[PDB]
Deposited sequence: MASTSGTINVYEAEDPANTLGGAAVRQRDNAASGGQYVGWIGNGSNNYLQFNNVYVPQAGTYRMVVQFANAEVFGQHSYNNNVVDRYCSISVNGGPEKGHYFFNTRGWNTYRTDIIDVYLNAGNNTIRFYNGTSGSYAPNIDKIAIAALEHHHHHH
């Protein structure tokens, strides 16, 4: 681990309906919800800093208890305004149950942005607790 960033960090940008909410079960006692149902309802991590250009592992801590019978939640991930990389996040079976999954990201030396969104009407990303970047 080279850096951890809480979703609710006040440095971050929340668009639209995305919102910081309290959960004692979450890291830092908060998470970001209502990411999705249109690309304007986004979470952007600002100033994700690494010393070297390259591919890193981004460990995402999240909750997803959607049912249709559990289902995955899709999220689009854009690095530095780049093209979306889609990820299907498994079901944690409870909205207060936070697990992790890994997504590879290409970062520049210095500060980077990472945006989480889902542009599909009625479709939501998981709730995001925090991310960690590992070299």
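K.L.:
Spell out the unmodelled ranges of the deposited sequence for me, N- to C-terminal, numbering from the first residue.
P.N.:
Deposited residues absent from the model fall in 1-6, 75-81, 149-156.
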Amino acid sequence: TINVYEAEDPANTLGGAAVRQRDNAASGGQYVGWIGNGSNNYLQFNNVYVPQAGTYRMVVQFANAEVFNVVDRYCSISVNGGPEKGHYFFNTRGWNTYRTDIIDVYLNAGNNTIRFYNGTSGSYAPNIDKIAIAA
From here on, numbers count along this sequence of modelled residues.
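K.L.:
Averaged over C-alpha atoms, is the B-factor higher for 69-77 or for 88-96 in this PDB entry?
P.N.:
Here the higher of the two C-alpha B-factor means belongs to 69-77.
K.L.:
Going by the mean C-alpha B-factor recorded in the entry, which is higher: 102-110 or 56-64?
P.N.:
Higher of the two, by average CA B-factor, is 102-110.
K.L.:
Could you look up the Cα B-factor of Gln44 in the entry and say which third of the chain it sits in: lowest, middle or highest?
P.N.:
Within its chain, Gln44 is a lowest-third residue by C-alpha B-factor, going by the deposited values.
K.L.:
Sorting by Cα B-factor within the chain, modelled residues only, which third would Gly119 end up in: lowest, middle or highest?
P.N.:
It belongs to the highest third of the chain when residues are ordered by C-alpha B-factor.
K.L.:
Please say which third, lowest, middle or highest, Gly36 falls into when its CA temperature factor is compared across its chain.
P.N.:
It belongs to the middle third of the chain when residues are ordered by C-alpha B-factor.
K.L.:
Tell me, lowest, middle or highest third: where does the Cα B factor of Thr13 rank within its chain?
P.N.:
Middle third.
K.L.:
Consider only the C-alpha atoms of the modelled residues in this chain, order them by B-factor as the entry records it, and name the third containing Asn127: lowest, middle or highest.
P.N.:
Lowest third of the chain for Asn127's C-alpha B-factor.
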